[PDB]
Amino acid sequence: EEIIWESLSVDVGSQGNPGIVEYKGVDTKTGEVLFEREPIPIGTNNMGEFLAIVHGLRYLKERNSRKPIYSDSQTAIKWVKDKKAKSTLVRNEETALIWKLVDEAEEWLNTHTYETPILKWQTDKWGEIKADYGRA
């Protein structure tokens, strides 16, 4: 139960669930924001958490970085491990964008390799993840 400070932390934020979804990744040690996705009009918490991890994998791979990724989402960690986002969200015209991004993230996982450890952020011991959106 030691934080690995040399890591990337990601989190989703939303207005509603389902609702408007965004996500970001930060340097765990410094809090510096390294990437932020423009808000998506309709998605779920778990789809955003999944996209955040996959974006982190792509970000670190492009920069030849072996740092681990922290996420507080038990669901999204499993989905990334499985390379499959098992979302219940309806696929229709309103949800087309989030589903396109999820499909593309799965596609990336199936066509690329990575060694990045994907670690559970232990909120119960460490407080809220550094990438959190102070919204609850």
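Residue positions are given as counts along the sequence shown, with the first one as 1.
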Avg C-alpha B-factor, entry values, 95-103 vs 43-51, higher side is 95-103
Residue range whose averaged C-alpha B-factor is higher in the record, 26-34 or 75-83:
26-34
Residue 113's Cα B-factor: lowest, middle or highest third of the chain?
highest
Which third, lowest, middle or highest, does the CA B-factor of residue 57 fall in along this chain?
lowest
Considering every modelled residue of the chain and its Cα B-factor in the PDB entry, is residue 89 in the lowest, middle or highest third?
middle
By its CA B factor, does residue 123 count among the lowest, middle or highest third of the modelled residues in the chain?
highest
Tell me, lowest, middle or highest third: where does the Cα B factor of residue 9 rank within its chain?
lowest
